[PDB]
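Student: Protein chains in written order, with full-length UniProt numbering: chain U, 94 to 188; chain L, 10 to 149; chain R, 105 to 294; chain P, 31 to 56; chain Z, 32 to 128; chain C, 51 to 198; chain B, 2 to 104; chain E, 47 to 212; chain A, 38 to 51. For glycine and all other residues, C-beta sits at the position ideal for the given N, C-alpha and C. Dumping the structure here so I can ask a few things about it.
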RNA sequence: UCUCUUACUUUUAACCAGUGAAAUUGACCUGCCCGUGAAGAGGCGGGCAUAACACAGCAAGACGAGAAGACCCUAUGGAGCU
RNA sequence: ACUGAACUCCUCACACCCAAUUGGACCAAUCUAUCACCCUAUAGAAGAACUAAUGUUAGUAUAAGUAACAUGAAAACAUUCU
RNA sequence: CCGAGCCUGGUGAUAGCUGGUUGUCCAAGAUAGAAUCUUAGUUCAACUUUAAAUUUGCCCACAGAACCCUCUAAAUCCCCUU
RNA sequence: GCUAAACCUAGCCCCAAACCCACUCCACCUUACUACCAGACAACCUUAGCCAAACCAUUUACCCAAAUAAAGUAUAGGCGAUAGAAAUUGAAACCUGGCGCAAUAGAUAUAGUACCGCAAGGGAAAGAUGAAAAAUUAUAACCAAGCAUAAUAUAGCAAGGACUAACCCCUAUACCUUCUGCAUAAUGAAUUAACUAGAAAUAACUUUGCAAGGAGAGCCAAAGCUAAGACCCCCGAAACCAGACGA
Ligand SMILES: [Mg+2]
Ligand SMILES: [Mg+2]
Ligand SMILES: [Mg+2]
Ligand SMILES: [Mg+2]
Ligand SMILES: [Mg+2]
Ligand SMILES: [Mg+2]
Ligand SMILES: [Mg+2]
Ligand SMILES: [Mg+2]
Ligand SMILES: [Mg+2]
Ligand SMILES: [Mg+2]
Ligand SMILES: [Mg+2]
Ligand SMILES: [Mg+2]
Ligand SMILES: [Mg+2]
Ligand SMILES: [Mg+2]
Ligand SMILES: [Mg+2]
Ligand SMILES: [Mg+2]
Ligand SMILES: [Mg+2]
Ligand SMILES: [Mg+2]
Ligand SMILES: [Mg+2]
Ligand SMILES: [Mg+2]
Ligand SMILES: [Mg+2]
Ligand SMILES: [Mg+2]
Ligand SMILES: [Mg+2]
Ligand SMILES: [Mg+2]
Ligand SMILES: [Mg+2]
Ligand SMILES: [Mg+2]
Ligand SMILES: [Mg+2]
Ligand SMILES: [Mg+2]
Ligand SMILES: [Mg+2]
Ligand SMILES: [Mg+2]
Ligand SMILES: [Mg+2]
Ligand SMILES: [Mg+2]
Ligand SMILES: [Mg+2]
Ligand SMILES: [Mg+2]
Ligand SMILES: [Mg+2]
Ligand SMILES: [Mg+2]
Ligand SMILES: [Mg+2]
Ligand SMILES: [Mg+2]
Ligand SMILES: [Mg+2]
Ligand SMILES: [Mg+2]
Ligand SMILES: [Mg+2]
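Here's what the structure looks like:
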C-alpha cells in the first residue's frame, strides 16, 4: 500500500477498500455478502433475504481494513441525510 | 570510525589469565583459549558431585579394609552401628581407623556383640532378655 | 536537541567511485563468492549502516509546557536563595574588578546571570564591566531561557524585568484557543 | 589513531605494575 | 596490538567560551516576545531542513524537490539512486505487514 | 527473526496477500457506500444546551446578533473551511431548561429547535453560504490582511 | 580452578585462640575525594560512623588522607604484612560498613 | 627495528670491595643483516654452545658451511674488542656462555611455476648473538649414577604422608 | 561443456 | 608382450653448499580387537598394547588434496531450437 | 544385609540449567552541559562490542629446509684439449 | 573462458535458494487444521509474549446421549460438592 | 630480543556565502605534439531495460516549475499491485562550522602512477626520532601471532577433583547451522590487528502538559488533544537494453 511515497512521503490507501466497505466511527466496517445479485433463480427466498443484509466484519478483518487506510477514513462525518448516523456511536458497552 | 573499540586487549588478557598453564597453542590462541576455558570451568563446576562420590567411596573402602583387618565385614558393621543408637558418619570412622585403633577395636567388639545378641534373639524369638546392650532409649 | 544538525555523511557501496564488473568467476576459481568490489565487507568500500546525509532533530514543545518550565526554573532559583531582585542595574565607575569584588562579598558564587530589559535601555557601565569577563553575562528580558539559568549559580532580575516576566508567564493562563498564530494584530493582545 | 584516555590510563597502570613486579624496588 | 602506549595530551577545553557561556540565548522568543518570529527560524544550516524533521527518504525527497534543481550531475545521480534504494527497501522489503 | 525463509530475508508480500488465495477485500463486490462523499454537505452539530452554557459563561453575549463569526470568536464550535463544510446546524438536544431569548443565524435548524428558541423570544434565520464565504466568516483577520 | 591458582593451609598467625585474642587489623588509610559524585558513600561514612568504628576497637588506627581523587580506595594492613587494597567506588554507607567490618 | 644487544657493553658497575670475588666479565657483540638461514645459524650455535673460544674457532675453521667463517670473524672481532677495551689480558681464558640466532628483515619476490600461478619468494634473513665470559669454561653436568636415583626414590617414599584425613 | 577458468595475475607491487 | 627375466650408460636416486615453493592445516600427548552410536571409531564401554627421538622405499586406512557434482530431483531463476 | 542420583533433610537467604520467540534489570571506549583531573557520575545522540559467513587487507608458523636448480677439465691465468 | 564478447550506466537488479548475524542475569515459553499453478513458501485457525476489566476453569452424581439385522470392548459429553 | 607494535598531516563529506576559469616563444587534426598547395559530403529523430503485481503480455514515483494543510480527495489503473493533481488563506532582506574522521576511516588519489589488452576500459599499499641530524648521542625498556633462551620421558578433545611434588588415580564423545537426531567420515575455520551486518509508517504501550477543548493557521474530538520514549539485517547467480571497441 506504499508506506512511503516518492513525492509526499505519506501513506496511501486502497480505493477498493473504500469502494467495497464502509467504516463506522465506532470501529466497525459494513460489508456486503457476495453473490446477492447473481443466480437468484436457484436460491431459496430465505437465502435471498440473508444475502441482502448489511453484515459486519470480524476482528482481524477490521484491523486489516484499518491498516489499509489512513487517518482520513477514521474521522467522524456529519452528513445532512445520513442513513447510518445512528450507527456511528455505540452505547451500552460493558467491556 | 566513531567511538570504536579501545580496550580490547584488556578483555583478551582477562580471558587468557585462566589459560596460563596449558599445553600447546591453547595458551596463546584466543579463539581456542575461549573454548578451553569454557570447558575447564564447566568441568570444574560439574565435578563437585564426582569429588563427593570419590571421597565417599574412599571412606567406604577404608572402613571395609579396617573391618576386614580387625575380623569383621562392612555391611554387618554398618548395621550393628546403626542398631546401637550411635550416629557416626564415614569420615570419623575412617579417621579413627587410621589414627585411633583402640576405639575402633572397641567399636568392632561392640558391633560383634550386638550381632551375636541379634542372632540369639532371632533364634529364640526373643522373650525376656532381648540383648543387654540393646534396649532403645525412648525420646518423647 | 532542537538546534542540532549532524553534518556527518558517509558513502554507501553505490556512491563510492569504483566497482563495475565481476572480479573472478564464482564457479571457476575456488576463492570466496563476490560479485563486485567497494563493498562493506572489502577493504576501501562504503559504510553499511551509517550516517546518511544531514540528520535534523527538529521538534517543538507546547507553549504551556515551556512557560511552566520557566516558572519552575524561577521557583528553583528563588527557593535556593539564588535570586537577587534589583531596582536599577547601575555602576559608579563600571569596571570588572569592582563587579567581581562585590559579587564575592555578597556571596553569589562563581557565576551569575545578569538580566536587564528592552536591550536598548541598558547603561554603558555594566556593559563595559561585563564585556571583559566570561562568567558575567548581560542578556535582555526576552533572551531569558532555562539552560542559561541552570548553567549559572544565581540569577539577578529587576522590578520592571520581573514584572514583564510575570505578566508574560501569566498570559498563558486563562486565554483563548490558538486558531491562528499570535503574530496577527488581534485586538486586545499588542 | 584511537581516541580515548581511560583505556590508555589503565594500560599505563598495567605497564607500571608489570615494571614494579619484574624489577622489585628495595 | 591496537593499544596506544604513550598517554594522549590533556585536551583542555575552556567551558566558559563564547557559544558555551552564551548557549540558549534568545531561545523561545514567541512566548515572552509578543509573538514576532518563530523559534524554528533561529536554526542555521541546510535550507531543506530549517524547521522540519522528516525521515531518511523524506529528507532526500525534500532535497530533490527544493535543491534538486540546482545541484551537480554525479550528486543528483547518487541522490536518485539512494531514493530508489530507499523506496525498494521500504515499500517491498521489511517486516510487520 | 525466527527461522530462515521470507520471514528472515525480508522479501515478504504486501499487506493483504494470502499466497495466491483470493483475499478478503477482493471477493466482496463493490457497493455505493462512499460514492460521492467528497461532495456531500457536512454541518457541525450545535445543541441549545451548549448555547445556553456559553451564554451563561459569558463567551456568547445575548445582546448582539449571533451568526458564524461570533461563534468562532466565542470558540464554541470548530468550523473547518475545508472537508466540505457549509456551516453549522442546530440540535434540539437542549430543549428543556433553556432561557436565553436571543436571535441566532443557523444554516440548518430543526422544528423543535426553532420552536424552543421562539418560546423565550428568539429569532431563527436560515441562510446559505458558499465555502468561500465560510472561509471569510471563520477567520476575517487574514481575509482583511489579504488585500482583496 | 584449583590447578591455576596457588593454595595454602588453614592455620593461625600466632595462636590467637590459645592464649589471648589480638586484633589483626592495624591501619585503615581512606582516600575520600573533596568534590565528586563517586565518593558520597565514603564521605557520609567518615561523617557519621567513622568515630563509632574507631571507638569500637582501640587497636585499629584510621587515617583519612582526604585526597581529591576519582575512585575512593581503602588500604588495610595486618600483622603478617599483607596489604589488601579495595575500592569503594559508588557504594552505600551500609555496604562500606559491612566491608570494613569484614576486613 | 630494535637494537638492545650492542648496548649491553656500556653497563657500568660500581667499584667493588676487597672482600668481594673477582666477578667474570661479560662481552656482548652481534652483527645485523646476514644473508643466511636462521636454522643453520642455530645449528652452528648449538654446535658451539658452552665451549672454549679456541676450540670453537678450530671447529669453525673446518666447518663446511657459509656462516662458519662469519661466526669465526665475529668471535675474532669480539675477542679483539674484549682484549682492547673490555680490559682482558688473557686471550685463551674465554668461553662462549650464550649463543643463539634470530631473524632478519625479509622481502618478497616471485617464483614462476608451470602455469599462471606463482609463489611468494620471501628473502630469509637472520642474525647471530654471542656472549664472551672470561675465566675457565665450566665443566659439563655429569650424568647422575644409580646412587642419586636411589636417594631420590628414598626421599620421595619418605616424603609421602597420610592424605584425605586430618 | 568444456569448463575452464583463467588464472589471475597479482599486481607487481607485492 | 609372456613362460622367466637379465648384463651396462644417462636423467633420476641417497648425502654435502645456497635460493627455495604449491595444495593443505580446529587443536593432537596420534596402536589393535569385540560391541554401540547420525547406520564404516586412534579420542565411547570392555580387553589387548606402551622408554623417547631422525633418516631410506610401497600403498591398507584418516569415506586424503583440486572443482558449492557435468549424472537424479526442486525452482512460478534464465538461455538456445522449431 | 549393605551399596547405590541434581529425590528429601542440616547453618544461610533463595530470580541464578528447554528450540524459535517475548518481557524486565545492568554494562564501555566518542562528543556536549554540569562537579573532580592519577579517570568517575547525572542526561541526549551512535559508524556503540566478533571463537565462525571457502568474509576484505597486512604480519607470520605447520606442510618443508620438501620438490626444481645452475659452472666441461687443467692452469703462468699469457693458454691447451673433447 | 561464444548455444552468443570485453567496458560503463540501468543495479546495492531480482532470486520461496546457501551462509553468517556481535556483552550479562532472570522469568514466561513446544505445533487439532484449512486455502493457494502449493506442500522448500505464503495467509488465516490453535498456542506462546505485556498491562488491565469480569468471574468462574478442571475429576465432579443419582440422572440424561434413537441405531438393525450378529457380536458392539477399553471410553466420552453437561455435571453444584471436595 | 629478533621479527615488529602506537606516535599527525597531505586533507577528505556536507552546509551558509559567492556565480568559477582558461596564449611567456614554438608545435597540436596527416603517422595531434608534423611550417609550406586545387572538389568544398559531415548535427537537427518516441530512450530502453530491471523489478513489482508471487508468471506476464496493460501498468510500475525518476518527468528538474521552492515549504504545508487540502490529500494520499476526486480520478487513471488485466478498477489491481499501484500512480496522482488542481481550485484555496499562505512562503521575514544581512553574520566564517561540524555532540564527522585521521592512511584497512574519510574522495581511488602523494595518482587516475605502476600493471593488463591493439583497442574502450579496469586500476591498488606509500609519508612517523628530534628545539638544535651543521646533536650519527646512547639509550628508556616492558604487551599479539613465528623463533632460540629452556626439545622429547608411558595413557590418549588435551579438561576437572585433588595430595608434600609435571606424569602416574578416577570422571568426561571440540565450536555455530540447514536437521527429530551431527565431533561424527556434512557444511566454515592457521593465528594476530583493523573493518563488517535491525535503517522505518498507520494502528498500539508508558510518562509530562492542557482540557470539552487540544494543537505555533491546515487536523481530531459523545474524555479528548500535544510531546517524548519504544521497532522491524548483511553478503552471494545465470539473464535484458542503451553508448562506444575489436578480422
Ligand atoms: Mg556502481
Ligand atoms: Mg551482483
Ligand atoms: Mg571508503
Ligand atoms: Mg541461517
Ligand atoms: Mg522453512
Ligand atoms: Mg519476491
Ligand atoms: Mg489459483
Ligand atoms: Mg640440501
Ligand atoms: Mg551422541
Ligand atoms: Mg568399528
Ligand atoms: Mg576422524
Ligand atoms: Mg551443490
Ligand atoms: Mg511454486
Ligand atoms: Mg520463470
Ligand atoms: Mg523474467
Ligand atoms: Mg535472449
Ligand atoms: Mg549418596
Ligand atoms: Mg531439589
Ligand atoms: Mg524456564
Ligand atoms: Mg557501520
Ligand atoms: Mg558496528
Ligand atoms: Mg578479531
Ligand atoms: Mg580451500
Ligand atoms: Mg574470518
Ligand atoms: Mg616430505
Ligand atoms: Mg632432489
Ligand atoms: Mg540481494
Ligand atoms: Mg518455495
Ligand atoms: Mg514480477
Ligand atoms: Mg496548487
Ligand atoms: Mg586511503
Ligand atoms: Mg584506496
Ligand atoms: Mg609474543
Ligand atoms: Mg586416563
Ligand atoms: Mg556465534
Ligand atoms: Mg546448508
Ligand atoms: Mg538428514
Ligand atoms: Mg567434521
Ligand atoms: Mg550440506
Ligand atoms: Mg576444510
Ligand atoms: Mg586479415
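Which residues of the region 47 to 58 of chain L have a Cβ closer than 8 Å to any Cβ of chain B? Give them in chain order.
Tutor: The region 47 to 58 of chain L vs chain B, Cβ under 8 Å: 49, 50, 53.
Student: Considering only the alpha carbon of each residue, which of L:40, L:10, L:30, L:32 lies closest to residue 20 of chain L?
Tutor: When each option's Cα is compared against that of residue 20 of chain L, the closest is L:40.
Student: I'd like to know if residue 34 of chain Z contacts chain U, where contact means its C-beta is closer than 8 Å to some C-beta of that chain.
Tutor: No, residue 34 of chain Z does not count as interfacial toward chain U.
Student: Determine whether the Cβ of residue 169 of chain E lies closer than 8 Å to any Cβ atom of chain A.
Tutor: Not one chain A Cβ lies under 8 Å of residue 169 of chain E.
Student: Count the other CB atoms within 10 Å of the CB of residue 160 of chain R; is the residue buried (16 or more) or exposed (fewer)?
Tutor: With 16 or more other Cβ atoms within 10 Å, it is buried.
Student: Could you tell me which residues DSSP puts in a beta bridge with residue 122 of chain U?
Tutor: Answer is U:116.
Student: Taking its Cβ as the centre, do 16 or more other Cβ atoms sit within 10 Å of residue 91 of chain L, making it buried, or is it exposed?
Tutor: Counting Cβ neighbours within 10 Å, residue 91 of chain L comes out exposed, since fewer than 16 surround it.
Student: So the candidates are U:129, U:150, U:154; which of them puts its Cα closest to the Cα of residue 191 of chain U?
Tutor: A question about residue 191 of chain U goes unanswered here, because the residues of chain U that appear run from 94 up to 188.
Student: Taking the alpha carbon of residue 164 of chain R as the reference point, which residue from Z:124, Z:43, Z:81, Z:111 has its own alpha carbon closest?
Tutor: When each option's Cα is compared against that of residue 164 of chain R, the closest is Z:81.
Student: Three Cβ pairs or more, each shorter than 8 Å: is that satisfied between the region 191 to 207 of chain E and the region 134 to 145 of chain E?
Tutor: Touching, no.
Student: Of the choices C:129, C:113, C:187, C:79, whose alpha-carbon is the least far from that of residue 31 of chain C?
Tutor: Outside the displayed span of chain C (51 to 198) sits residue 31 of chain C, for which this structure offers no information.
Student: Going by the CB atoms, is the gap between residue 102 of chain C and residue 144 of chain C shorter than 8 Å?
Tutor: Contact: yes.
Student: With distances taken between CB atoms, is the gap from residue 95 of chain U to residue 161 of chain U smaller than 8 Å?
Tutor: Not in contact: residue 95 of chain U and residue 161 of chain U (Cβ atoms no closer than 8 Å).
Student: Regarding residue 148 of chain R and ligand 20, is the C-beta to nearest heavy atom distance less than 7 Å?
Tutor: Not under cutoff, so the answer is no.
Student: Select from the region 24 to 44 of chain L all residues with a C-beta closer than 8 Å to any C-beta belonging to chain B, and list them in chain order.
Tutor: Those residues of the region 24 to 44 of chain L that come within reach of chain B (Cβ to Cβ, closer than 8 Å) are 27, 29, 30.
Student: DSSP beta-bridge partners for residue 167 of chain E?
Tutor: BP columns for residue 167 of chain E point to E:155.
Student: For residue 59 of chain Z, count neighbouring Cβ atoms within 10 angstroms of its own Cβ and tell me buried if that reaches 16, exposed if not.
Tutor: Answer is buried; the Cβ neighbour count reaches 16.
Student: Assuming residue 120 of chain L contacts residue 89 of chain L under a Cβ cut-off of 8 Å, what Cβ separation, rounded to an integer in Å, is found between them?
Tutor: With a Cβ gap of about 4 Å, residue 120 of chain L and residue 89 of chain L count as contacting.
Student: Shorter than 7 Å, the distance from the beta carbon of residue 123 of chain R to the closest heavy atom of ligand 1, or not?
Tutor: Because some heavy atom of ligand 1 lies under 7 Å away, the Cβ of residue 123 of chain R counts as near it: yes.
Student: Could you check if residue 83 of chain Z is buried or exposed, using at least 16 other CB atoms within 10 Å of its CB as the buried criterion?
Tutor: It is exposed - the Cβ of residue 83 of chain Z has fewer than 16 other Cβ atoms within 10 Å.
Student: Which residues does DSSP list as the beta-bridge partners of residue 190 of chain R?
Tutor: DSSP output for residue 190 of chain R lists R:262 as bridge partner(s).
Student: Where in the region 120 to 162 of chain U do unbroken runs of the beta strand (DSSP E), each at least 3 residues long, occur, reported from the N-terminal end onward?
Tutor: Counting only runs of 3 or more, we get 122 to 125, 147 to 149.
Student: At a Cβ threshold of 8 Å, is residue 117 of chain R touching chain C?
Tutor: No - not a single Cβ of chain C is within 8 Å of the one on residue 117 of chain R.
Student: With a cut-off of 8 Å, does the C-beta of residue 20 of chain L fall near any C-beta of chain P?
Tutor: Not closer than 8 Å to any Cβ of chain P, the Cβ of residue 20 of chain L fails to qualify, so no.
Student: If I follow the unbroken alpha helix (DSSP H) through residue 17 of chain B, where does it start and stop?
Tutor: Premise fails: residue 17 of chain B is in no alpha helix (DSSP H) and is neither H nor E.
Student: Can you tell which of R:269, R:154, R:148, R:204 has the C-alpha that lies nearest to the C-alpha of residue 65 of chain Z?
Tutor: The shortest C-alpha separation from residue 65 of chain Z is found at R:269.
Student: Looking at the C-beta of residue 109 of chain U, does it have a partner C-beta in chain C at a distance below 8 Å?
Tutor: It does; some Cβ of chain C falls within 8 Å.
Student: Mind checking who residue 177 of chain E pairs with in its DSSP beta bridge?
Tutor: Answer by DSSP bridge pairing, in chain order: E:74.
Student: Rounded to a whole number of angstroms, what is the C-alpha to C-alpha distance between residue 149 of chain E and residue 77 of chain E?
Tutor: Each residue's alpha carbon lies about 12 Å from the other.
Student: Under three-state DSSP, which class holds residue 109 of chain R?
Tutor: Three-state result, residue 109 of chain R: strand.
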